[PDB]
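# Got a sequence here, can you build the structure:
(chains A and B)
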Amino acid sequence: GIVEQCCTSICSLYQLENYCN
Amino acid sequence: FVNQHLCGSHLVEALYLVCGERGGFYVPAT
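Residues are numbered from 1 along each chain as shown, chains lettered A, B, ... in the order given. The structure is reproduced below:
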């Protein structure tokens, strides 16, 4: 869940790429 | 790119910079 991952917590390009796949 | 809290259009921008520029995008046009 991109919102729970980035709005709520800290996320990085490493995780962002999984939402690109 | 730097790791930080990202939301809304800023989140979409980050996704674009990392992967939309590779052609891997679904573009949420609004």
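# CA atoms for contacts and neighbours, from now on please.
OK.
# burial measure for residue B:15, as a count.
As a burial measure, residue B:15 scores 23 neighbours (other Cα atoms under 10 Å in any protein chain shown).
# in what helix or strand does it lie?
helix B:8-18 (DSSP states H and E).
# which secondary structure elements does that helix contact?
helix A:13-16 (3 or more Cα pairs under 8 Å, 6 or more residues apart in numbering or on different chains; DSSP states H and E).
# Now the helix holding residue B:15: buried residues?
For helix B:8-18, a neighbour-count test (16 or more other Cα atoms under 10 Å in any protein chain shown) marks B:11, B:12, B:14, B:15, B:16, B:18 as buried.
# now stretch A:14-21
A:16, A:17, A:20.
# one step back: check the offset of the helix holding residue B:15 from the chain's centre.
Mean-position distance between helix B:8-18 and its chain equals 2 Å (Cα atoms, centre = their mean, to the nearest Å).
# what sits up against it?
Contact with helix B:8-18 is made by A:6, A:13, A:16, A:17, A:19, A:20, B:1, B:6, B:25, as judged by Cα atoms under 8 Å, 6 or more residues apart in numbering or on different chains.
# Endpoints of stretch B:16-26, how far apart?
10 Å (Cα to Cα, to the nearest Å).
# Same question for stretch B:16-30.
15 Å.
# Would you mind listing the buried residues in that stretch?
Using 16+ other Cα under 10 Å as the test for burial, stretch B:16-30 gives B:16, B:18, B:19, B:20.
# tell me how far the ends of stretch A:13-21 are from each other?
Across stretch A:13-21, first to last residue, Cα to Cα, it's 12 Å.
# can you give me how far that stretch is from the chain middle?
7 Å.
# Give me the contact list for it.
A:2, B:1, B:2, B:3, B:14, B:15, B:18, B:19, B:24, B:25.
# Quick check: the third one is in a strand.
When you say that, I think you mean residue B:2. No - going by DSSP: H, G, I helix; E, B strand; the rest coil, the assignment for residue B:2 is coil, not a strand.
# I figured it hits residue A:12, correct?
Yes - contact criterion Cα atoms under 8 Å: residue B:2 and residue A:12 qualify, at 6.8 Å.
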